[PDB]
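Chemist: Structure in structure tokens, see below.
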Amino acid sequence: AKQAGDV
Amino acid sequence: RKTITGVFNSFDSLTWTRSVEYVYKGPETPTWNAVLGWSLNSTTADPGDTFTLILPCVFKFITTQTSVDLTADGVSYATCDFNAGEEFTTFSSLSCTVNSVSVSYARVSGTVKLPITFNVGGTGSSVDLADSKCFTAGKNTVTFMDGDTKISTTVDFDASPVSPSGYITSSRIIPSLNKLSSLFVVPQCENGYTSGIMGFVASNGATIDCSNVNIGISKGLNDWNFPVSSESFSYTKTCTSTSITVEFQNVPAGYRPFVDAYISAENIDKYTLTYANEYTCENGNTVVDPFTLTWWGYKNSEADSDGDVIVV
């Protein structure tokens with residue numbers, strides 16, 4: 001349901 | 001034959017440029033570029049001599065290069081291999097060797113630009129808990145070491161804007177392992193917890209590595225909402241290659257339960273997790289609040305260098 005970014 | 005020191009002689013600038021979507025600007029966020037001054041004098045350095053630069057609190061280099069050369073006008077004076085700290089050590093390093101050259105030179109000086117990210121926590125591992133105290137939000141001095149010499153500059157590190165009251169997640173690529181670490185911190189219960197269930201289930205395309213898991217309670221979180229300690233508490237772990245679930249009992253006020261695991265993904269730049277997220281605060285009712293996140297990789301950059309040679 002949501003997009004997120006890697007570090 | 002010998003080790004020379006003081007080749008890296010200045011820390012010129014430290015500048016952030018976005019290389020990943022979604023993530024706030026902060027020390028871990030790809031990519032920080034450190035520009036350093038370097039000099040070699042043939043009176044004091046021979047081909048084959050080695051030198052090393054230590055980068056405290058640096059997790060990794062944001063490049064697929066195995067090495068970078070110290071170059072001036074397309075001549076390579078030295079080769080430096082990248083040695084990322086990752087989850088092995090709290091610092092990264094460059095191990096460098098002076099190169100043989102096809103014509104003689106008196107001395108050469110230039111600059112080198114290194115794409116890095118800093119470690120300010122992210123799992124319950126010894127390395128991350130140590131590095132969770134590396135920097136604070138605001139103004140910090142960043143210092144690298146070449147032998148006994150120290151090169152430093154100033155930087156402004158922004159805190160995470162995410163409220164520490166809710167759940168916290170973080171996914172970090174560990175390049176040398178082709179794996180990620182993935183963290184979940186339970187939402188805050190101010191006066192402690194009666195019980196809860198924390199964890200995540202990986203969608204097709206990714207699997208959980210049950211041999212690299214950390215479960216703990218931390219005494220608060222740092223400026224980036226990461227654990228700063230990992231104490232024991234009563235729980236049961238259920239870990240499969242598809243899911244990790246941790247059911248726990250009481251946790252005291254001021255502590256935050258969390259779980260982290262390594263993830264192997266077929267495509268390291270895309271995987272999805274569905275988080276369980278159940279908790280019962282002391283003097284509260286049980287909350288059940290699952291959610292899903294799809295995690296996207298960052299873009300890598302290249303290190304490069306420039307300089308000026310004096311011939312004689």
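Ordered as shown in the structure tokens, chains take letters A, B, and onward, while each chain numbers its residues from 1 and ligands are numbered from 1 in the order shown.
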Report as a PDB file with N, CA and C atoms, in the first residue's frame all protein, DNA and RNA residues lying within 10 Å of residue 2 (chain A), evaluated on only C-alpha atoms, omitting residues in the same chain fewer than 4 positions from it.
Modeler:
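The resulting part_39.pdb:
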```pdb
ATOM      1  N   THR B 272       8.834  -6.500  -1.397  1.00  0.00           N
ATOM      2  CA  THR B 272       7.715  -6.035  -0.598  1.00  0.00           C
ATOM      3  C   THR B 272       7.605  -6.808   0.712  1.00  0.00           C
ATOM      4  N   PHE B 291       0.428  -3.215   7.755  1.00  0.00           N
ATOM      5  CA  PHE B 291       0.572  -2.394   6.597  1.00  0.00           C
ATOM      6  C   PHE B 291       1.598  -3.069   5.703  1.00  0.00           C
ATOM      7  N   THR B 292       1.715  -2.557   4.464  1.00  0.00           N
ATOM      8  CA  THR B 292       2.628  -3.114   3.434  1.00  0.00           C
ATOM      9  C   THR B 292       3.485  -1.964   2.925  1.00  0.00           C
ATOM     10  N   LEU B 293       4.738  -2.303   2.658  1.00  0.00           N
ATOM     11  CA  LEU B 293       5.702  -1.394   2.000  1.00  0.00           C
ATOM     12  C   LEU B 293       6.472  -2.099   0.905  1.00  0.00           C
ATOM     13  N   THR B 294       6.614  -1.412  -0.240  1.00  0.00           N
ATOM     14  CA  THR B 294       7.480  -1.905  -1.329  1.00  0.00           C
ATOM     15  C   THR B 294       8.702  -0.958  -1.335  1.00  0.00           C
ATOM     16  N   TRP B 295       9.863  -1.586  -1.235  1.00  0.00           N
ATOM     17  CA  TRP B 295      11.151  -0.939  -0.985  1.00  0.00           C
ATOM     18  C   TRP B 295      11.929  -0.864  -2.230  1.00  0.00           C
TER      19      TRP B 295
END
```
Chemist: Using only C-alpha atoms, which protein or nucleic acid residues come within 10 Å of residue 4 (chain A)? Drop anything in the same chain fewer than 5 positions from it, and give the result as a PyMOL selection string.
Modeler: chain B and resi 20-23+169-171+270+272+293-297
Chemist: What would the file look like if the residues just selected were written as a compact mmCIF listing (two decimals), in the first residue's frame with C-alpha atoms?
Modeler:
```
# COMPACT_ATOMS: atom_id res chain seq x y z
CA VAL B 20 17.02 7.49 -3.81
CA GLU B 21 13.28 8.37 -3.85
CA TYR B 22 11.11 8.76 -0.69
CA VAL B 23 13.74 8.82 2.00
CA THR B 169 10.88 0.92 9.28
CA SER B 170 14.21 1.04 7.47
CA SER B 171 15.75 -1.02 4.66
CA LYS B 270 12.50 -4.06 -5.35
CA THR B 272 7.71 -6.04 -0.60
CA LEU B 293 5.70 -1.39 2.00
CA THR B 294 7.48 -1.91 -1.33
CA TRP B 295 11.15 -0.94 -0.99
CA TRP B 296 13.05 0.65 -3.92
CA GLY B 297 16.76 0.67 -4.52
```
Chemist: If you run DSSP on the backbone, which residues of chain A are strand (DSSP E), as a PyMOL selection string?
Modeler: chain A and resi 2-5
Chemist: Suppose we keep N, CA, C and O atoms; can you now write the selection as a tab-separated table (two decimals), in the first residue's frame?
Modeler:
```
chain	number	residue	atom	x	y	z
A	2	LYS	N	2.15	1.23	0.30
A	2	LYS	CA	2.94	2.47	0.21
A	2	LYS	C	4.34	2.14	-0.32
A	2	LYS	O	4.82	1.00	-0.20
A	3	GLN	N	4.94	3.15	-0.94
A	3	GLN	CA	6.29	2.98	-1.50
A	3	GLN	C	7.35	3.60	-0.57
A	3	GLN	O	7.10	4.65	0.03
A	4	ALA	N	8.54	2.94	-0.47
A	4	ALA	CA	9.56	3.47	0.40
A	4	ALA	C	10.92	3.24	-0.27
A	4	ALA	O	11.03	2.41	-1.17
A	5	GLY	N	11.96	3.95	0.15
A	5	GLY	CA	13.30	3.82	-0.45
A	5	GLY	C	14.31	3.20	0.46
A	5	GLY	O	14.29	3.40	1.66
```
Chemist: Taking only C-alpha atoms into account, report as a ChimeraX atom specification which residues of chain B lie within 12 Å of chain A.
Modeler: /B:18-32,59-62,86,116-122,168-175,179-183,268-275,290-300
Chemist: Using only C-alpha atoms, which of the listed residues (B:143, B:15, B:125, B:240) sits closest to residue 260 (chain B)?
Modeler: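 That would be B:125, the residue with the smallest distance to residue 260 (chain B).
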Chemist: Pull the helix (DSSP H, G or I) assignments for region 62-186 of chain B out of DSSP run on the backbone, and list those residues as a count of residues only.
Modeler: 9
Chemist: Quick one: everything within 9 Å of region 189-194 of chain B, counting only C-alpha atoms, minus sequence neighbours fewer than 5 positions away in the same chain. Send it as a count of residues only.
Modeler: 16
Chemist: By how many Å are CA of residue 144 (chain B) and CA of residue 226 (chain B) apart?
Modeler: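 According to the coordinates, CA of residue 144 (chain B) and CA of residue 226 (chain B) are separated by 23.8 Å.
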Chemist: When you count only C-alpha atoms, which of these residues is closest to residue 124 (chain B): B:186, B:228, B:162, B:311?
Modeler: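 Result for the nearest residue to residue 124 (chain B): B:228.
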Chemist: Rank nothing, just name the residue among B:1, B:12, B:277, B:302 nearest to residue 153 (chain B), using only C-alpha atoms.
Modeler: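 Nearest candidate to residue 153 (chain B) out of B:1, B:12, B:277, B:302: B:12.
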Chemist: For residue 10 (chain B), which residue out of B:39, B:97, B:225, B:123 is the nearest one, using only C-alpha atoms?
Modeler: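 Among B:39, B:97, B:225, B:123, it is B:39 that comes nearest to residue 10 (chain B).
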